[PDB]
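J.: Here's a structure for you.
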Protein chains: 2
Amino acid sequence: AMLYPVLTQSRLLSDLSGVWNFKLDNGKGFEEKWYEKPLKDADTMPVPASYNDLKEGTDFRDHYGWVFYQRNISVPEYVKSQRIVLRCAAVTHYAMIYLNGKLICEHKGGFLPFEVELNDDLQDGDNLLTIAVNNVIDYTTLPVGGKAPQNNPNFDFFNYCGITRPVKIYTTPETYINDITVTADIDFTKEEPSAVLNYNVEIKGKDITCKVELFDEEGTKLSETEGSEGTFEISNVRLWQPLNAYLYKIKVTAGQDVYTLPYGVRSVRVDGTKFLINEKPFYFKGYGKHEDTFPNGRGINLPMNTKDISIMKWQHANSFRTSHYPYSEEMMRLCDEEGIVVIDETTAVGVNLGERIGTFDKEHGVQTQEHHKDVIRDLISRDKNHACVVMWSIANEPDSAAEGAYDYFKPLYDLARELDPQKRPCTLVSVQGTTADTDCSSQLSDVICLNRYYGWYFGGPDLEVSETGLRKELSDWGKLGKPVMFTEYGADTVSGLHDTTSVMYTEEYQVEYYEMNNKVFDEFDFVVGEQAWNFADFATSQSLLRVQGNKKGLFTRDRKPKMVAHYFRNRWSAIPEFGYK
Amino acid sequence: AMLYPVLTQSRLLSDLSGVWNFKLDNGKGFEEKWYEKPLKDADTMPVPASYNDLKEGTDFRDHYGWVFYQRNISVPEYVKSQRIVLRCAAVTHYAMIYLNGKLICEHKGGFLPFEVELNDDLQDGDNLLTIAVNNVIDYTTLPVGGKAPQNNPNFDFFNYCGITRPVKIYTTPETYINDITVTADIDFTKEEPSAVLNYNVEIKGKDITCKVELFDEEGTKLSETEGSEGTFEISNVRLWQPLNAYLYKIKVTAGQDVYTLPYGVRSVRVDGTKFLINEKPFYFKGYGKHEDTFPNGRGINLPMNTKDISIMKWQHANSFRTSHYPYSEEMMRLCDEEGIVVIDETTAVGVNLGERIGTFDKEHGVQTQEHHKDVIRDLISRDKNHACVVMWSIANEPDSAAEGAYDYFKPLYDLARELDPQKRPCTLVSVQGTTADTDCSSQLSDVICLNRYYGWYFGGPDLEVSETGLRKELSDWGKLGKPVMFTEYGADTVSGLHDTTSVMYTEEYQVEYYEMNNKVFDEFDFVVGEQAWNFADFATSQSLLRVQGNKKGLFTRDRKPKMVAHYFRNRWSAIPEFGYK
Ligand SMILES: O=C(O)[C@H]1O[C@@H](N2CCC(=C3c4ccc(Cl)cc4CCc4cc(O)cnc43)CC2)[C@H](O)[C@@H](O)[C@@H]1O
Ligand SMILES: O=C(O)[C@H]1O[C@@H](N2CCC(=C3c4ccc(Cl)cc4CCc4cc(O)cnc43)CC2)[C@H](O)[C@@H](O)[C@@H]1O
């Protein structure tokens with residue numbers, strides 16, 4: 001259970017962000033117990049941010065192993081009466097928190113929050129907070145790291161590591177609000193849709209009165225309820241809608257603690273080959289994104305988030321997929337405010353491939369299902385209340401058509417559907433090569449999400465031949481009667497390369513590629529969404545197939561529009577959110 | 001008096017940063033008293049950051065007038081016992097702070113901090129904090145804005161406005177440390193240089209004991225002193241040096257309040273035509289920078305700051321000038337940690353130009369000297385203790401060779417030299433066209449800082465002819481016997497444009513331009529520094545002479561190296577910090 005720490009009349013919030021003491025481990029780092037004394041010959045490193053690109057030389061960018069963040073923490077004794085918590089929004093990949101020298105916390109998982117209590121191990125004056133981060137990836141990590149001293153990522157994006165998201169401190173009374181949940185049953189039958197909202201507060205500590213208050217957009221009060229559980233009757237409810245968002249406020253007063261939560265009233269339901277939002281046939285318009293900026297790397301970047309959402313509404317999009325890892329809490333909340341449809345995805349990327357071993361080989365294969373279940377647990381525990389999240393993605397391009405694959409995902413799908421209070425659709429992004437008959441996603445998933453590159457990796461530069469292929473496979477996928485959407489498709493384009501008679505990597509070819517694909521898409525009424533790959537150019541590991549990173553983005557890494565970006569904006573302008581099919 | 005709010009055993013610090021409620025004024029904004037009720041139909045805007053580039057359309061970028069930031073503030077009553085302060089690191093240009101509807105603070109000045117007290121006007125639960133920002137510039141603002149409904153900046157950089165730097169909240173006991181000052185008298189006579197440091201603490205409130213403690217780099221204690229004033233004897237003092245920084249810690253315990261301060265022991269003194277740091281002949285290597293990134297605009301950007309300082313040490317630079325406005329506190333402190341020489345400059349840019357009026361015309365001219373004195377007051381009050389600041393710049397390219405000019409600056413120079421506890425050199429950046437005989441900087445300034453463009457605006461593309469000119473004027477400047485340095489010189493280069501036989505705007509020409517200039521520079525021993533313009537490409541107002549902004553940077557706006565960047569790195573590698581002349 002992880003609530004987003006905010007500022008409230010009952011709780012504080014001190015951002016530990018700034019320039020910390022930084023030092024690359026040299027192997028002897030742990031034996032010599034650097035976490036006690038200061039960082040001798042320390043360096044400077046801003047937090048939050050990925051450290052790989054913040055210094056020159058490959059030895060900082062391509063570091064293998066541990067790095068030590070160090071900082072000076074201090075609290076006034078008049079606050080020790082409250083509950084002190086250290087919240088780490090994200091640490092990529094493996095974090096180990098020390099306080100004066102005592103290991104107080106550990107976490108496996110570089111893209112989800114985790115907190116620890118500081119009341120017992122604090123001191124009186126200056127305390128030495130030491131956060132050690134590991135970047136190693138292997139068959140036991142999500143994302144998955146291969147092998148053939150450097151990390152070999154089994155994924156197509158750079159291994160940005162470090163304190164990726166903010167590290168803050170917040171307080172709370174002894175008996176506090178530890179978690180909250182809210183679902184909505186919307187009565188679309190009446191001429192005006194009314195709504196009934198069910199809540200459930202979980203307290204913790206030496207309990208015992210609980211109060212909840214409902215407010216609207218402006219802040220006007222609307223109703224009140226008592227107890228750890230209750231409901232709200234909203235006649236004339238203002239439904240959260242794609243691109244037309246509306247968020248109510250919820251103020252829960254429990255004992256000596258208060259916490260507010262913005263909630264969006266909307267319904268999500270799959271019906272045959274139709275993805276229904278608020279009981280209407282929705283069509284996905286957008287692209288798979290990355291949390292990738294320069295030189296922040298994977299580090300949080302609120303200004304760029306607002307710019308991207310501006311570029312999106314500029315382009316007439318409505319959705320994106322948190323490609324290959326969960327995004328920041330801030331970006332999720334922003335999509336609630338701005339009304340952006342989001343496909344929340346886990347870190348489960350790279351679960352694929354004297355003898356060739358098999359993905360799900362019990363002895364020499366991925367050892368990730370345990371942690372994979374944790375992520376599904378922690379991901380939903382965090383974003384369960386986000387009205388923008390309309391579906392979960394268990395994994396990106398796994399070996400979903402291989403032996404043991406179905407056995408691997410079935411418990412994960414179940415855990416997901418048993419944990420989502422709203423019981424939202426579940427899916428997995430199908431790598432190219434799978435078919436309706438071979439993909440275990442055909443049975444497990446509510447929506448089929450394809451990653452196809454007809455016209456690039458498969459068929460390019462012959463777009464004519466590539467078209468018949470795309471049509472042949474897409475037509476086959478209709479046999480399932482489920483909703484089909486493309487979550488990835490694009491061609492690497494180096495901004496600035498032009499040609500009248502186009503060739504691969506030019507801006508002209510990139511547009512043609514999306515014209516041919518979109519043409520086929522519109523031929524089938526069970527295609528309920530198109531999301532291009534990628535929103536913008538992003539960094540990867542070096543390779544002959546990567547022209548200074550991934551260049552399949554519609555925009556450059558600095559958000560500048562390629563010619564394709566205008567193409568889509570024109571297309572998506574004449575395509576509505578509902579009723580397209 | 002403005003101390004940098006940090007985290008201490010006696011004081012808190014809650015970063016109000018995040019996505020605030022935003023709304024462009026429409027004229028009726030103030031009459032309709034938006035600062036009381038919420039922002040109806042509000043928008044999203046991250047803080048801190050310039051808002052001009054965070055939304056699409058010229059109407060947000062080219063807005064004229066007011067914008068309303070709104071936010072929800074809340075404090076627990078158990079903290080009301082302390083002193084509550086709202087610190088605004090920067091608001092560009094004019095800020096007006098409301099709390100529940102009551103105007104509680106105002107400030108003129110978009111690039112320096114200002115705080116206000118919240119104890120008296122707080123409420124119990126949720127408070128509506130409303131920060132209104134104005135972007136208008138005219139003859140009464142610094143920077144100066146001209147005329148011929150839009151702002152016409154009298155300067156060559158875009159008018160990025162909004163909550164440019166962080167807005168935080170910090171507490172402190174009734175009797176607190178309000179200000180601190182530290183100077184150093186270094187005895188360079190002994191074989192080992194010892195040092196004596198003089199401090200001076202200023203308290204405020206219902207007083208009455210004061211304690212100060214000195215620590216070194218690691219954190220080991222070194223000495224102790226009592227009283228609001230005292231000294232420290234440092235035998236074997238570790239002198240802060242350019243590119244070899246060393247900062248001591250200073251822990252002042254006054255009553256129920258503590259505050260720590262990193263200090264760097266170094267001496268600055270001009271001797272004839274020699275700029276002496278720690279009694280050695282220093283040579284400036286660097287460039288004039290901007291606080292300009294995309295899409296942040298002028299907004300703070302700690303990751304880029306660390307990257308720029310990496311690029312600098314990569315390039316073998318040692319100094320930069322806070323071109324045309326004071327930079328963030330974080331960047332100043334970082335230069336102390338990283339050992340970067342800084343020329344702190346004020347916002348006094350644009351003080352230049354049926355009849356042609358004169359700059360300092362008493363009735364129809366710049367009405368800025370009053371505010372100009374404030375900035376000189378507040379700038380030194382903030383950065384007085386930064387061992388990286390080795391000189392002050394009263395103004396950039398003013399009309400320093402016109403009637404009334406000398407009368408305008410003389411009181412400003414005096415106020416500067418009377419306020420700097422360290423009595424550091426003072427100068428002003430001389431626009432092209434001035435000569436040793438005409439520039440009032442010849443008498444007022446300790447160091448001559450020239451902004452010359454021989455080979456671009458003046459002479460280009462004939463670099464041969466441009467050379468004789470540069471030599472003729474530079475030789476003349478030697479008549480003063482003072483130290484001369486170029487704070488600006490460069491040629492607009494569009495990254496990617498190449499030619500064997502170079503032309504203007506190509507990368508080849510840019511290198512040639514700096515070769516010719518640097519050749520002449522090295523012919524004169526009274527030239528003690530070279531700083532190119534600019535560090536990287538930055539945004540300006542649109543114009544036929546601006547190719548999508550200013551492109552004179554050595555690096556692109558995203559910090560990528562142009563061919564010139566490697567040229568300098570090779571040159572600056574064979575040029576030392578001391579003894580070059
Ligand atoms: O096209 C992208 O590369 C982007 O789209 C997705 N991406 C899709 C392409 C991927 C493949 C792959 C898998 C099966 C077959 Cl038959 C062909 C190919 C192409 C070449 C190839 C070569 C390899 O060595 C490894 N993996 C592949 C999987 C990855 C990913 O989801 C995304 O991370 C990536 O950036
Ligand atoms: O070259 C830059 O433009 C950069 O260097 C500095 N910059 C120097 C060039 C500036 C001038 C100027 C002034 C006197 C004379 Cl004789 C010629 C010229 C050139 C053209 C010209 C045209 C105008 O309409 C107004 N101002 C000028 C002053 C400004 C500034 O300090 C910096 O802000 C700027 O970005």
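Residues are named by chain letter and number: chains run A, B, ... in the order of the structure tokens, numbers start at 1 in each chain, and ligands are numbered from 1 in the order shown.
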Show me, as a PyMOL selection string, the residues that have an atom within 8 Å of residue B:387 when counting only C-alpha atoms, minus same-chain residues fewer than 3 positions from it.
T.: chain B and resi 240+263-266+336+390
J.: Using N, CA, C and O atoms, can you write the selected residues to a file as a short mmCIF file (atom, residue, chain, number, x, y, z; two decimals), in the first residue's frame?
T.:
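Okay, this is what ended up in selection_38.cif:
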```cif
data_model
loop_
_atom_site.label_atom_id
_atom_site.label_comp_id
_atom_site.auth_asym_id
_atom_site.auth_seq_id
_atom_site.Cartn_x
_atom_site.Cartn_y
_atom_site.Cartn_z
N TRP B 240 40.52 27.28 -1.14
CA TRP B 240 39.67 27.08 -2.30
C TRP B 240 40.41 27.56 -3.55
O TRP B 240 40.93 28.68 -3.58
N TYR B 263 32.12 27.41 3.36
CA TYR B 263 32.95 28.57 3.06
C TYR B 263 34.25 28.12 2.40
O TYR B 263 34.80 27.06 2.73
N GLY B 264 34.71 28.93 1.45
CA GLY B 264 35.94 28.66 0.73
C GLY B 264 36.95 29.77 0.99
O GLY B 264 36.64 30.95 0.81
N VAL B 265 38.12 29.37 1.46
CA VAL B 265 39.20 30.30 1.80
C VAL B 265 39.98 30.60 0.53
O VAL B 265 40.70 29.75 0.01
N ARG B 266 39.83 31.83 0.03
CA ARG B 266 40.55 32.27 -1.14
C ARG B 266 40.61 33.79 -1.14
O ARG B 266 39.75 34.46 -0.56
N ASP B 336 30.74 26.48 -5.92
CA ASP B 336 31.60 26.35 -4.74
C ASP B 336 32.09 24.91 -4.59
O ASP B 336 33.29 24.68 -4.38
N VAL B 390 34.22 36.04 -7.85
CA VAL B 390 35.47 36.78 -7.75
C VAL B 390 35.35 38.18 -8.34
O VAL B 390 36.36 38.88 -8.48
#
```
J.: Once you count only C-alpha atoms and all ligand atoms, which residues end up within 8 Å of ligand 1, and could you hand them over as a list in words?
T.: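 Those residues are residues 154, 155, 156, 157, 323, 324, 349, 396, 397, 429, 431, 432, 433, 451, 452, 453, 457, 458, 488, 489, 490, 533, 534 and 550 of chain A.
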J.: Skipping near chain neighbours, those fewer than 3 positions away, what residues fall within 12 Å of residue A:30 using only C-alpha atoms, listed as a list in words?
T.: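 Listed by chain and then number, they are residues 24, 25, 26, 27, 33, 34, 35, 36, 65, 66, 67, 68, 96, 101, 103, 132 and 133 of chain A.
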J.: Selected residues, N, CA, C and O atoms, written as a CSV table (one decimal), in the first residue's frame, please.
T.:
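Saved as result21.csv:
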```csv
chain,number,residue,atom,x,y,z
A,24,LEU,N,31.2,6.5,-7.2
A,24,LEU,CA,31.1,5.2,-7.8
A,24,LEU,C,31.8,4.1,-7.0
A,24,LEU,O,32.9,4.3,-6.5
A,25,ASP,N,31.1,3.0,-6.7
A,25,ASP,CA,31.7,1.9,-6.1
A,25,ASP,C,32.9,1.4,-6.9
A,25,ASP,O,32.8,1.4,-8.1
A,26,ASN,N,33.9,0.9,-6.2
A,26,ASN,CA,35.1,0.3,-6.9
A,26,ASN,C,35.2,-1.2,-6.5
A,26,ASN,O,36.3,-1.7,-6.7
A,27,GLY,N,34.2,-1.8,-5.9
A,27,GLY,CA,34.3,-3.1,-5.4
A,27,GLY,C,34.6,-3.1,-3.9
A,27,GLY,O,33.9,-3.7,-3.1
A,33,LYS,N,33.0,-0.1,4.1
A,33,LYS,CA,31.9,0.5,4.9
A,33,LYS,C,31.9,2.0,4.6
A,33,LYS,O,32.0,2.8,5.6
A,34,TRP,N,31.7,2.4,3.4
A,34,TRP,CA,31.6,3.8,3.1
A,34,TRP,C,30.3,4.5,3.6
A,34,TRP,O,30.2,5.7,3.8
A,35,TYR,N,29.3,3.6,3.9
A,35,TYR,CA,28.0,4.1,4.4
A,35,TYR,C,28.0,4.7,5.8
A,35,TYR,O,27.0,5.3,6.2
A,36,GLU,N,29.2,4.6,6.5
A,36,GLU,CA,29.3,5.2,7.8
A,36,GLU,C,29.9,6.5,7.8
A,36,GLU,O,29.3,7.6,8.1
A,65,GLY,N,27.7,-2.0,-11.6
A,65,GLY,CA,27.7,-2.3,-10.2
A,65,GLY,C,27.0,-1.3,-9.3
A,65,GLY,O,25.8,-0.9,-9.6
A,66,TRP,N,27.7,-0.8,-8.3
A,66,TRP,CA,27.1,0.0,-7.2
A,66,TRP,C,27.5,1.5,-7.4
A,66,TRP,O,28.7,1.7,-7.8
A,67,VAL,N,26.7,2.4,-6.9
A,67,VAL,CA,27.0,3.8,-6.7
A,67,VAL,C,26.4,4.2,-5.4
A,67,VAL,O,25.4,3.7,-5.0
A,68,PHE,N,27.1,5.1,-4.7
A,68,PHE,CA,26.8,5.5,-3.4
A,68,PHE,C,26.3,7.0,-3.4
A,68,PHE,O,27.1,7.9,-3.7
A,96,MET,N,19.5,0.4,-1.2
A,96,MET,CA,19.9,0.0,0.1
A,96,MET,C,20.1,1.2,0.9
A,96,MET,O,21.1,1.9,0.7
A,101,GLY,N,24.9,4.4,9.4
A,101,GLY,CA,25.7,3.2,9.2
A,101,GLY,C,24.8,1.9,9.3
A,101,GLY,O,25.3,0.9,9.0
A,103,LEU,N,21.9,-0.4,8.1
A,103,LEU,CA,21.0,-0.8,7.0
A,103,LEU,C,19.6,-0.8,7.5
A,103,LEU,O,19.2,-1.7,8.2
A,132,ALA,N,22.6,3.5,-1.5
A,132,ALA,CA,23.4,2.7,-2.4
A,132,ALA,C,22.5,2.1,-3.5
A,132,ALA,O,21.5,1.5,-3.1
A,133,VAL,N,22.9,2.3,-4.7
A,133,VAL,CA,22.1,1.8,-5.9
A,133,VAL,C,22.9,0.8,-6.7
A,133,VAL,O,24.1,1.0,-6.9
```
J.: Apply DSSP to the structure's backbone, then extract all residues of stretch 279-509 of chain A labelled alpha helix (DSSP H) and return them as a PyMOL selection string.
T.: chain A and resi 302-315+329-338+369-383+405-419+441-444+463-477+507-509
J.: May I have the residues from that selection written out with C-alpha atoms, as a compact mmCIF listing (two decimals), in the first residue's frame?
T.:
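This is the output file again_15.txt:
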```txt
# COMPACT_ATOMS: atom_id res chain seq x y z
CA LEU A 302 7.68 17.48 -14.64
CA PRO A 303 8.19 20.29 -17.22
CA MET A 304 8.60 17.81 -20.08
CA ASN A 305 5.54 15.89 -18.88
CA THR A 306 3.41 19.02 -19.21
CA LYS A 307 4.97 19.76 -22.60
CA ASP A 308 4.31 16.22 -23.85
CA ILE A 309 0.67 16.42 -22.76
CA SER A 310 0.51 19.75 -24.58
CA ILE A 311 2.01 18.16 -27.70
CA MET A 312 -0.52 15.34 -27.34
CA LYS A 313 -3.60 17.58 -27.14
CA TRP A 314 -1.97 19.58 -29.94
CA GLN A 315 -1.74 16.38 -32.01
CA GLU A 329 3.09 9.25 -9.72
CA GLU A 330 3.11 12.88 -10.89
CA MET A 331 2.53 11.85 -14.51
CA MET A 332 -0.37 9.59 -13.54
CA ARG A 333 -2.04 12.36 -11.53
CA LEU A 334 -1.46 14.77 -14.42
CA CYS A 335 -3.29 12.40 -16.77
CA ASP A 336 -6.21 12.51 -14.33
CA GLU A 337 -6.19 16.32 -14.44
CA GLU A 338 -5.65 16.52 -18.21
CA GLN A 369 7.62 -14.85 -11.77
CA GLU A 370 7.97 -14.21 -8.03
CA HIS A 371 9.14 -10.61 -8.43
CA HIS A 372 6.78 -10.36 -11.41
CA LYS A 373 3.87 -10.97 -9.04
CA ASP A 374 5.18 -8.34 -6.62
CA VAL A 375 5.24 -5.69 -9.36
CA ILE A 376 1.67 -6.55 -10.36
CA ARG A 377 0.87 -6.26 -6.65
CA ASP A 378 2.63 -2.94 -6.05
CA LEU A 379 1.61 -1.41 -9.39
CA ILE A 380 -2.12 -1.82 -8.76
CA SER A 381 -1.77 -0.86 -5.09
CA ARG A 382 -0.44 2.49 -6.34
CA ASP A 383 -2.52 3.40 -9.41
CA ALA A 405 4.48 -19.48 -21.30
CA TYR A 406 0.79 -19.95 -20.50
CA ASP A 407 1.65 -21.55 -17.16
CA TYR A 408 3.83 -18.52 -16.39
CA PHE A 409 1.25 -15.80 -17.08
CA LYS A 410 -1.99 -17.46 -15.91
CA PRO A 411 -1.28 -16.80 -12.19
CA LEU A 412 -0.19 -13.26 -13.10
CA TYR A 413 -3.41 -12.50 -14.99
CA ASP A 414 -5.40 -13.93 -12.08
CA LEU A 415 -3.47 -11.95 -9.46
CA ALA A 416 -4.06 -8.82 -11.55
CA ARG A 417 -7.81 -9.36 -11.91
CA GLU A 418 -8.12 -10.30 -8.22
CA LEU A 419 -6.29 -7.15 -7.05
CA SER A 441 -2.69 -13.88 -24.96
CA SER A 442 -5.61 -15.03 -27.13
CA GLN A 443 -7.15 -16.74 -24.09
CA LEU A 444 -5.68 -14.78 -21.17
CA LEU A 463 5.47 -1.43 -48.46
CA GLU A 464 3.25 -3.09 -51.08
CA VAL A 465 4.29 -6.60 -50.03
CA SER A 466 4.31 -5.52 -46.38
CA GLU A 467 0.66 -4.51 -46.77
CA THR A 468 -0.63 -7.94 -47.82
CA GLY A 469 1.16 -9.43 -44.82
CA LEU A 470 -0.28 -6.95 -42.34
CA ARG A 471 -3.72 -7.56 -43.83
CA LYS A 472 -3.34 -11.35 -43.74
CA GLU A 473 -2.31 -11.47 -40.08
CA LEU A 474 -4.71 -8.75 -38.96
CA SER A 475 -7.66 -10.43 -40.69
CA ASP A 476 -6.77 -13.66 -38.87
CA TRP A 477 -6.76 -11.90 -35.49
CA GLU A 507 10.99 11.58 -43.10
CA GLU A 508 9.07 10.81 -46.30
CA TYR A 509 9.36 7.04 -45.85
```
J.: Hey, what's within 10 Å of residue B:493 if we count only C-alpha atoms and toss same-chain stuff fewer than 5 positions away? As a PyMOL selection string, please?
T.: chain B and resi 498+504-511+537+547+550-556+562-564
J.: So what do you get for atom CA of residue B:90 versus atom CA of residue B:75, distance-wise?
T.: 22.7 Å
J.: Compile the contact shell of stretch 196-202 of chain A as a PyMOL selection string: residues with an atom at most 8 Å away, counting only C-alpha atoms, same-chain residues fewer than 6 positions apart removed.
T.: chain A and resi 177-186+228-234
J.: Selected residues, C-alpha atoms, written as an mmCIF file, in the first residue's frame, please.
T.:
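The resulting file, result.cif, is shown below:
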```cif
data_model
loop_
_atom_site.group_PDB
_atom_site.id
_atom_site.type_symbol
_atom_site.label_atom_id
_atom_site.label_comp_id
_atom_site.auth_asym_id
_atom_site.auth_seq_id
_atom_site.Cartn_x
_atom_site.Cartn_y
_atom_site.Cartn_z
ATOM 1 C CA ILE A 177 -4.657 6.748 6.933
ATOM 2 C CA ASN A 178 -2.518 3.992 5.413
ATOM 3 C CA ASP A 179 -4.544 3.246 2.270
ATOM 4 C CA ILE A 180 -7.750 4.212 0.476
ATOM 5 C CA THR A 181 -9.874 2.647 -2.260
ATOM 6 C CA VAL A 182 -12.802 4.000 -4.275
ATOM 7 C CA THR A 183 -14.946 2.361 -6.954
ATOM 8 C CA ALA A 184 -17.909 3.694 -8.922
ATOM 9 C CA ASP A 185 -21.154 2.057 -10.041
ATOM 10 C CA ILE A 186 -22.609 4.392 -12.673
ATOM 11 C CA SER A 228 -14.188 3.024 7.622
ATOM 12 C CA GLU A 229 -16.606 2.186 4.781
ATOM 13 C CA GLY A 230 -19.467 3.997 3.095
ATOM 14 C CA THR A 231 -20.959 5.248 -0.146
ATOM 15 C CA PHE A 232 -21.937 8.449 -1.943
ATOM 16 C CA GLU A 233 -25.001 9.151 -4.097
ATOM 17 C CA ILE A 234 -24.086 11.497 -6.949
#
```
J.: So that I can see what lies close to residue A:125, please list as a compact mmCIF listing (two decimals) with C-alpha atoms, in the first residue's frame the residues with an atom at most 10 Å from it, counting only C-alpha atoms and leaving out residues fewer than 6 positions away in the same chain.
T.:
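Once written, around_28.txt looks like this:
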```
# COMPACT_ATOMS: atom_id res chain seq x y z
CA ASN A 72 22.86 15.07 5.34
CA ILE A 73 19.46 14.62 7.01
CA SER A 74 18.27 16.58 10.03
CA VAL A 75 14.90 16.96 11.77
CA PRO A 76 13.85 19.23 14.65
CA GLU A 77 13.10 17.33 17.84
CA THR B 8 18.61 21.69 9.73
CA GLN B 9 17.90 20.30 13.19
CA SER B 10 16.22 23.63 13.99
CA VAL B 258 21.21 26.13 13.93
```
